[PDB]
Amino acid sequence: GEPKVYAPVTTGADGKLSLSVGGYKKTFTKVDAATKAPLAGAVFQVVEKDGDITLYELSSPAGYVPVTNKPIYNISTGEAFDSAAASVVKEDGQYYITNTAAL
């Protein structure tokens, strides 16, 4: 159909990811699974495929397990993330995207 592909989005040293698309607003925080420290260098993008709004992780941060173009979170369906890989976690009322450190 008519999919609006947003520009590529990379996370800074704070690891934050503010997604204000449409009538939905949410902030993530890319962190390491073991250390919970913020991560920088994760590429994200949003496409408006039909009516569903999905968040992809085009690239994982450097030194971490590669996450290549995988759907991570469905923005249109609320908290119903795609759940193909449950890397999204809630803690202390905050949302975090998880990347596993490579060996």
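Residues carry their position along the shown sequence, with the first being 1.
Stretches compared: 73-81, 55-63. Higher mean C-alpha B-factor in the entry: 73-81. Set 36-44 against 23-31 and average the Cα temperature factors; 23-31 ends up higher. In the deposited entry, the Cα temperature factor of residue 13 sits in the bottom third of values across the chain's modelled residues.
Among the modelled residues of the chain, residue 103 sits in the highest third by CA temperature factor in this PDB entry.
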